[PDB]
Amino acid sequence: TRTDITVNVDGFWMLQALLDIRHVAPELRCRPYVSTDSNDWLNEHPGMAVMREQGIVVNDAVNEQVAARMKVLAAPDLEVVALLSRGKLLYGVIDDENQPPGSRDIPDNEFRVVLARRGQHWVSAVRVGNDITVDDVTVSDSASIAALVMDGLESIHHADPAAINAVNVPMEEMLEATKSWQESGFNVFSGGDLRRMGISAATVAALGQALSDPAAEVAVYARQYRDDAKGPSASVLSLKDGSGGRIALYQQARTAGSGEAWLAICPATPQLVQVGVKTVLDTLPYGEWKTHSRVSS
């Protein structure tokens, strides 16, 4: 019926310890596992018993399918991350003085999804609050990923695509202008600089609202691993729901000769979102995303 599994942070750590996994995606925000000379020093304590009752652990051994999924998370060829939030996305930041150093908490308004692919196997790990749910997820094309993302976001908040003319603007100029605009709190009156860049008034308004007071946000990006090394996708897709509708922000991939990068400011229309996901996957450092593997020889 259902193959999904749910554990808290410590339960995930016990899975790591049993399967000898040093670390997983940082977005899941677990604590590392360092193997000592004894693994009986985490013992059998009740966190383990709960997992014994859920069929997650049989005897002292982890469930086989679950162990396989955790294997996928442990050393993926490809990672695809989405950070979702109700309201402004804080990217993991909880502003509190009582937050401990290296806190494994995440903001209450936030939850993160990690799709890992090892070989041909796709595994989902969803972090909401203190809970992590691991399961099998089916992925084929950029569009399917975009579908998963859109479902996740629409579940937080429902928004129609903003009505604006899609436009490409120079990346660093846009960064500087936006950084100056952020000082005024993205007031539409202070958006003269962005209007000078050739961005439409409607776009500056919808973006101003989306940056000033978003209803929901999503950040989608990928990671690729080869041998000892790794690299991030050069582009990040950002969805932001403003009172003037939902906006998609993603950079177009650079030329073979490079020289500069472009930022695409678009409506959230499904076509343009498929485009955004596709560009994110195509900005990965090693080869094509779908068929790639971290083993060279």
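The first residue of the shown sequence is 1; numbering continues from there.
Taking the PDB entry as given, 161-169 carries the higher mean Cα B factor of the two stretches 84-92 and 161-169. Higher mean CA temperature factor, per the PDB entry, when comparing 247-255 with 37-45: 37-45. The maximum CA B-factor among the listed residues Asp105, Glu176, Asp151, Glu217, taken from the PDB record, is found at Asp151.
The deposited CA B-factor of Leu281 belongs to the middle third of values across its chain.
Among the modelled residues of its chain, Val7 has a C-alpha B-factor that falls in the lowest third, as given in the PDB entry. Ranked by C-alpha B-factor against the other modelled residues of its chain, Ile21 falls in the middle third. Per-chain ranking of the deposited C-alpha B factor places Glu110 in the lowest third. In the PDB entry, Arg226 places in the highest third of its chain by CA B-factor.
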